[PDB]
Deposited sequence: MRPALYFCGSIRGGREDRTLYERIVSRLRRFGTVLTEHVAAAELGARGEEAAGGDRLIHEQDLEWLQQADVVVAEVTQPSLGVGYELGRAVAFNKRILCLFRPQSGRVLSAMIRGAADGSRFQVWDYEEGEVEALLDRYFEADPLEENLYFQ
């Protein structure tokens, strides 16, 4: 079973993490936080990020994750009214780095599809 890393680590994030648990071990002062998170990132097989909300922390985890050569899945909701960053959208190669647009209600159906 794969070691999974979930970025930005409320009820929607808990839904993502519960579904992630069905496929593998979800591994997930300030210096200690960073060191602990980078050690988990380094040991992950799949890195999942919910990129709807602008976040320096989520972006930094993705940047380190690409440089660590991990398989990355980004989940974005266009119904939020936001336009996803050109840097995250442009990092997508449709294979080891995918950006999936989704609706709140299809988060379980999409994760099942990705992990099967």
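Novice: What gaps appear when the modelled C-alpha atoms are mapped onto the deposited sequence?
Specialist: In sequence order, the gaps with no modelled C-alpha are 1, 11 to 17, 37 to 53, 142 to 152.
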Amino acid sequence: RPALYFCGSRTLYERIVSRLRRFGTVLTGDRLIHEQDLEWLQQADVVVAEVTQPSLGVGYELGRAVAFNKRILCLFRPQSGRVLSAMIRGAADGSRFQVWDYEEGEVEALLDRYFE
From here on, numbers count along this sequence of modelled residues.
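Novice: Check the entry's C-alpha temperature factors for 31 to 39 and 54 to 62, then say which stretch has the higher mean.
Specialist: Here the higher of the two C-alpha B-factor means belongs to 31 to 39.
Novice: Consider only the C-alpha atoms of the modelled residues in this chain, order them by B-factor as the entry records it, and name the third containing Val99: lowest, middle or highest.
Specialist: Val99: CA B-factor falls in the lowest third of its chain.
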